[PDB]
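Working notes, beginning with the structure itself.
Each chain gets a letter, A, B and so on, in the order its sequence line appears, and its residues count up from 1.
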Amino acid sequence: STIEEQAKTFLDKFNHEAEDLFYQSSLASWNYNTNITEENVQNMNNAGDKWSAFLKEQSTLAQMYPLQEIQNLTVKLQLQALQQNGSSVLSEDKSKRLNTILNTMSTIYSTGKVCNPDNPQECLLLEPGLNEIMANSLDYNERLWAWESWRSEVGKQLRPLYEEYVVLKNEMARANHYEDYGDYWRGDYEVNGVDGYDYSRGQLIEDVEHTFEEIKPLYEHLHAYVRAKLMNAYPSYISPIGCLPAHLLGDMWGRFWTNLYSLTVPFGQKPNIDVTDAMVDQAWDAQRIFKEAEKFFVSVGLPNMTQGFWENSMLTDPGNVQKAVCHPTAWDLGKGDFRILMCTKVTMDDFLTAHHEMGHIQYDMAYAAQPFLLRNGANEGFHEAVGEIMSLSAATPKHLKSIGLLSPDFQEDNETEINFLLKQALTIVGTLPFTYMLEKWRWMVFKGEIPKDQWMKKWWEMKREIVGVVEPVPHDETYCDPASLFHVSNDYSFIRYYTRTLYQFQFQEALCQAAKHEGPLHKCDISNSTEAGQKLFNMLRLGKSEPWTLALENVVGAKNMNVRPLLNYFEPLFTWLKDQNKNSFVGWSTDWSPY
Amino acid sequence: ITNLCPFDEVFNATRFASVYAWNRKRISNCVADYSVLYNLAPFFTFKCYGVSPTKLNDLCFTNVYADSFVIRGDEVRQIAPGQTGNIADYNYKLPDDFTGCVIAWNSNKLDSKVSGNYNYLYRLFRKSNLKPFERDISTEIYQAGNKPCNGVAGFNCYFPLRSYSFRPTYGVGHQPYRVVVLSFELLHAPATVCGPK
Amino acid sequence: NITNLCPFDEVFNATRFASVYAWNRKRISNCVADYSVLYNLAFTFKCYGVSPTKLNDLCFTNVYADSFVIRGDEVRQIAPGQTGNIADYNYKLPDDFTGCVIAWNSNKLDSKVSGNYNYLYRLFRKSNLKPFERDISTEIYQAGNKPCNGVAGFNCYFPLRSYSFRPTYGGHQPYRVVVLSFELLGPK
Ligand SMILES: *[C@@H]1O[C@H](CO)[C@@H](O[C@@H]2O[C@H](CO)[C@@H](O)[C@H](O)[C@H]2NC(C)=O)[C@H](O)[C@H]1NC(C)=O
Ligand SMILES: *[C@@H]1O[C@H](CO)[C@@H](O[C@@H]2O[C@H](CO)[C@@H](O)[C@H](O)[C@H]2NC(C)=O)[C@H](O)[C@H]1NC(C)=O
Ligand SMILES: *[C@@H]1O[C@H](CO)[C@@H](O)[C@H](O)[C@H]1NC(C)=O
Ligand SMILES: *[C@@H]1O[C@H](CO)[C@@H](O)[C@H](O)[C@H]1NC(C)=O
Ligand SMILES: *[C@@H]1O[C@H](CO)[C@@H](O)[C@H](O)[C@H]1NC(C)=O
Ligand SMILES: [Cl-]
Ligand SMILES: [Zn+2]
C-alpha cells in the first residue's frame, strides 16, 4: 500500500466523522443564535470545543504523511487544508500569551468607552454612540471630539499589545516556514503546484498595486467632487487644494463614504428610488420576498430551495418572547441542510439582503458533492461576490417593474442613474484606496520594512499618498490608529474586500455579456437569462477542488484580477465627474494640514 | 386463494436491518399479489430489471428472496446492475444478470431521532470488493498500511463499520431510505410463486 | 437483360438507421436485384422460402426493406412464430413470412463511450401487435385502475425507454439489421 492510498483512507474516515461533528457544532450554534438562553450557551461551548479538539487531533495525525510523495492534487489540497498548525508550533507560554493578548484586544474593543467632557457619569460606548454621532451630525468640533477622544481613550491602550502581537505572529509565521505574517495571509492565494495556473504568494502585491493605477483617475475625480461638495458644508475648514479630514467622511475610520449622500447629492430636487411604500401597500411579508428571490433564482437554471430551508429557518422575528441575534447570516450546516437567520422587515434593503444571502445558500448548495475539506470558496473573495452580483441585479428598475412593484408608466432619465451611481460609488469606490492602504501598511509592518518607531508617521503620510486623508490633530507615536478598527484588533484578513470588489464587477460583466444586454452595465438584469446560469454553475460547483485562476476563466475568461469591468460600471458616472470637475482641483496636496 | 405471501413482514417491519447485515427471507408456497404494496407514499423508486412490471403477475417462479436494509437517499441509485461506490462494492452487490425490482421509500418519519440514531451501520473499509449476493458481517480491523496492529485500532488501522446519525433535518438526499430488493429466480423447480387467477 | 442496379446501397450503407419502435418501410422495385454484392459485410443470413444459393434465380415483386437497430441477444427473438418483448411490442414478423433476416455486428457506429440514447424500445403496450404493424405512439401507458391524466409514477409508466449500448458488454452489442420481405412465390 502506498502513502496516497493511506491518505485517501484517512480522508475518507475524516470526511465521515467531521461532517457529523460539524453538523453538531452548527446545530448548537443555530440553537444558540435562535434562542439566547443559558441552556444553549453550554451546548454550543461544548459542541464547538469538541469540534476544535477533533480538528486538532486529526491535524496531529495528518503530519505523518509528509506531503511530498502524493501525486494527486485533490488529496494534496485536502492534506494542506488539514495539516495547518497555527499556534501549535510555538511554546505553550507564548501560545497562550498570544491568545490572552488577542482576547485583551477584543475585550478592550468591545468594552472600551468614551466619556463626555462635561459630565463624568455620562459616557458613550461604540455601538449606540459615536457611530450614530459621526453619521448624523454636521458640525466640525463635535465630530473632532468624537474622533480624537476615541483615538485617545481606546487607540493608545492597544499599541503595547500590538507591538507584542506583531512579533508573536511573525515568530508563529516563521515557525511555519514563511517569511512574515503577511505571507501567511497571502498563502490563501498560493496555488503553487498547478501546471499553467500557478500563483505565488508575492504575486498578490504587484497584482493589487497594478490594478490601482486605473482606479485613481476615477478616485481622484470622486474625491474632488466629495470635498468640493463638502466645502459648502464646512466653511473655512477644508481647503480646495489639500486633503480631507478623517472626521468628516461620514463614519469613524473613513472606510465607507455612504453617510455623505445627504451633503454630496448630485440632484436634490428628486428623491432616490425605493419600493418600501410599494411593498407596504400590497401587504408584502418576508415569505413573499424570499419566494420572489426564489423565483428570480430558478429562472437562470439554479434548482429550487430545499424543504428544510422552508421548515427550519428563521425568516421572521417572533418578537420579545424569544431573544435572537438580529444580524443577517447565511448558514451552511452541511449534509443538505441550508438555513437563513435574518430578522427580515419590510424594507428594500432587506429585499436586497435576501437575494444577497440566497446567493450564499445557492453557493453552498452547489458543491455539496465535494469532500469536506473543499467545502468553502476557492479563496476569500468569491463568496461575498456571488451574493453581491445578485443584489446588483435585484436593485435594477427592470427587475422592480418585472416583479410588480413598479408600474411601467414611469420615466427613467439620467438624473436617477447618476444619483444611483454616485451612491454606489460612495460605498464601492471610496473603500478601495483605504483597503489597499491598510493592507500595504500591514504587509510592510509584518515583513519588517516599517520599524517600531515609525508606525504613525508612515501611516499618516501613506494616507495622504493613497487615500487623501489628513489628520485633524497631530498624533505622536503613542496612538495606534489601525487598532481602532474591528478587522485589525481581532486578527482578520482585510485583502478580501479589495479582491471581492473586482471579482463582483468581473462576474457582473461576464453575466451581462452572456445575457446579451445592449444598454449600460448598471441596468443589466440577468433574471430571464438562462444561458448564463449554466456558465455560473460551472464556477459554483467547483468550491475549493480546482484553482481560482481556472475558476475565473470558466466564467469571465481572464486568468487574473481585472479592473476594467469596475471602470465600465461607473463610466456614465465617470463622464459626469469629468463634466462637473471643470473648476475644481483634481488631486490633493499632501503638505496641507488643517491644524 | 387464501395463502398470501408475507409481504407485510418484509415491508411493515418494526425495524430494518443494516446494509452489511442485510436480512434474507425466503418466500415460498403462496400467491404473490404485487398490487398490495401501493399503500406507501412517497414511493417512486420502482426500477424493475429483467422483467416488466406489467407482466409481473403472469409468470410463475421458484423460491423468491427479499433483502431489506437502510441506506441514505443518494445511494439508492447504486442498487443497480453495473454501479460503483461504497454500498455496491463493500456492502451489497447486485449481479449484472439481476432479474428483479428495487423498491425503496422515504423513512425520515420512522428512522430519525432527536438527536441521533446510531443503530444503523455501514461498512466503509474493505480489502476486496464483494461478490454478488454476498453478506460479510466480520469485524476485523482494516489494514490500511504495511504494518500489523494485532486487532487494535490506531495509525493506519481503522474500524470497518461506521455509524449513521440520521437526524430528521438532513435535507432531501441524506434522509434514511428503507430499501426492499426482490429477486425472482428461474431454477428447475416446481413453480408456485405467481399471482391470482 | 440487365437494365439498372437496385438501390441496395441506400438501404444498407445508409447514414443512420431508425429504432425498433419506429422502423421505416423502404419499398424498392423496377430494377434487377443482384445479391452477389451483399456479401460485403463481415453473421446471420438465414433465408426462408427461397434458399440463399438460388436467391438470384427467381423474379419477385415489390420488396419491403425495413432497417432497424437491435442488440445481440435479440437476433433469436425476431423469428416467424415467436413471442416476447420485441416480437410483441415493437416488430412482429408474419407466420408465412418469406425473406431473409440479415443481421451483423458493428460495434463502431451505435456504441458510444458515454452512451447512445437515440434508439428506443417499447415495453408497455395494451395488446399484441399485428404482423407488419408500426406504432410510433407516445402516450403514457396506464398500468393500474387509476387515471393519472398524463402524469407518471407507480402504475403509470412511460412505455418508451432507451438502451445503453456501451462498447464494453459481451450479447448486448448493437446489431444493424435489414430484413427483406419479398412477396412472389433476378440477373442472368
Ligand atoms: C403496511 O403499512 C401501511 C402504511 O404504512 C398500511 O396500509 C393500510 O392498509 C389498510 C388496509 O387496506 C388501509 O385501510 C389503510 O388505509 C392503509 N394505510 C395507509 C397509510 O395506506 C398497513 O399498516 C400495511 N398494509 C397493509 C396492506 O396491510
Ligand atoms: C457498402 O458496404 C461497405 C460500407 O460499410 C462498403 O464496402 C466497401 O466497398 C469497396 C468497394 O469494393 C471496398 O473497396 C471496401 O473495401 C469495402 N469496405 C468494407 C469495410 O468492406 C461500401 O460502401 C459498400 N459496399 C460495396 C461492395 O460497394
Ligand atoms: C485523485 O482523487 C480523485 C478523488 O478521490 C479521483 O477521482 C481521481 O481519480 C484521483 N486521481 C488519480 C490519478 O488517482
Ligand atoms: C420552485 O420555485 C418556483 C419559483 O417560486 C415555484 O414556482 C415552483 O413551484 C418551485 N418548485 C418546487 C418543486 O418547489
Ligand atoms: C421573466 O419574464 C417574465 C415574462 O415577461 C416575467 O413575468 C418574469 O417576472 C421575468 N423574470 C423572472 C425572474 O422570471
Ligand atoms: Cl484612521
Ligand atoms: Zn453576505
Side-chain angles (χ1 to χ4, degrees), chain A residues 1-28 30-31 34 43 46-47 57-58 60-65 69 303-313 331-339 361 364-365 368-370 372, chain B residues 19-20 42 71-78 85-87 89-91 106 108-109 112-118 120-128 141-149 153-177:
Chain A
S1 66
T2 63
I3 313 297
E4 56 97 16
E5 297 161 359
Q6 300 157 51
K8 279 181 180 179
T9 308
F10 170 72
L11 281 176
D12 281 7
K13 188 198 104 190
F14 177 71
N15 293 338
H16 172 80
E17 307 271 0
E19 290 192 49
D20 182 37
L21 282 176
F22 186 67
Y23 194 86
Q24 290 169 32
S25 177
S26 287
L27 195 55
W30 178 266
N31 290 336
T34 44
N43 276 184
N46 281 269
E57 186 179 1
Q58 294 280 296
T60 320
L61 303 162
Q63 312 207 1
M64 281 177 275
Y65 311 104
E69 293 180 354
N304 276 87
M305 321 291 304
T306 47
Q307 194 65 41
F309 172 71
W310 296 111
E311 279 179 359
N312 311 110
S313 315
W331 286 70
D332 183 27
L333 279 76
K335 292 278 195 181
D337 216 355
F338 306 96
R339 295 149 190 223
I361 293 304
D364 291 325
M365 282 168 69
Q370 282 289 323
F372 183 73
Chain B
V19 73
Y20 85 104
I71 51 163
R72 38 196 280 265
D74 269 315
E75 311 187 302
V76 184
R77 48 150 284 273
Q78 309 192 14
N86 47 357
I87 300 297
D89 277 337
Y90 309 131
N91 289 284
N106 206 291
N108 200 32
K109 299 295 288 184
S112 298
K113 287 182 182 179
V114 180
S115 279
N117 211 309
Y118 293 117
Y120 288 125
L121 313 181
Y122 78 105
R123 185 171 309 273
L124 189 63
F125 302 138
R126 190 172 151 82
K127 294 171 70 68
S128 198
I141 293 298
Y142 180 67
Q143 211 187 50
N146 295 127
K147 186 182 286 186
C149 42
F155 184 50
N156 285 324
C157 287
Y158 311 126
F159 202 68
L161 312 172
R162 284 292 176 261
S163 305
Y164 284 119
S165 314
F166 283 157
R167 289 180 176 89
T169 55
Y170 274 165
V172 193
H174 291 87
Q175 274 175 352
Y177 269 61

Practice problem: Would you give the length of the straight line joining atom CD of A:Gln24 to atom OG of B:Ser165, rounded to the nearest 0.5 angstrom? | Solution: 7.0 Å
Practice problem: Report the distance from atom CD1 of A:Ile3 to atom CG of B:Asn156, rounding to the nearest 0.5 Å. | Solution: 8.0 Å
Quiz item: What distance separates A:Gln6 CD from B:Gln143 CD, expressed to the nearest 0.5 Å?
Solution: 10.0 Å
Practice problem: Please examine the side chains of A:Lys335 and B:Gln175, heavy atoms only from C-beta on, and report whether any two atoms are closer than 4.5 Å. | Solution: no
Quiz prompt | Part of B:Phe159 within contact of chain A (heavy atom distance under 4.5 Å) | solution = neither
Quiz prompt | Pairwise distance CG(A:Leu27) to CZ(B:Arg167) - rounded to 0.5 angstrom | solution = 7.0 Å
Practice problem: Could you tell me which of B:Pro168, B:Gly173, B:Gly145 has the largest number of non-hydrogen atom pairs under 4.5 Å with chain A? | Solution: B:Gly145
Quiz prompt | From CD (A:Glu17) to OG (B:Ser163), nearest 0.5 Å | solution = 7.5 Å
Quiz item: Between B:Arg162 and A:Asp20, is there a side-chain N and carboxylate O pair less than 4.0 Å apart?
Solution: no
Exercise. Check whether any side-chain N or O of A:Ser1 sits under 3.5 Å from a backbone N or O of B:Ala144 as a donor-acceptor pair, and report yes or no.
Key: yes
Quiz item: Distance from B:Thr169 atom OG1 to A:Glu311 atom CD, nearest 0.5 Å?
Solution: 10.0 Å
Exercise. Could you label the plane-to-plane angle of the B:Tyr170 and A:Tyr23 rings as parallel, tilted or perpendicular, counting under 30° as parallel and over 60° as perpendicular?
Key: perpendicular
Quiz item: Stepwise, does the side-chain contact (heavy atoms from CB on, under 4.5 Å) test hold for A:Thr9 with B:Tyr158?
Solution: CA-CA 9 Å; A:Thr9 308; B:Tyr158 311 126; 3.7 Å; yes
Exercise. Sort A:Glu5 into side chain, backbone, both or neither according to what part of it lies under 4.5 angstrom from a heavy atom of chain B.
Key: neither
Self-check item: Ring centres under 6.0 angstrom apart (A:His16, B:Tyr122)
Solution: yes
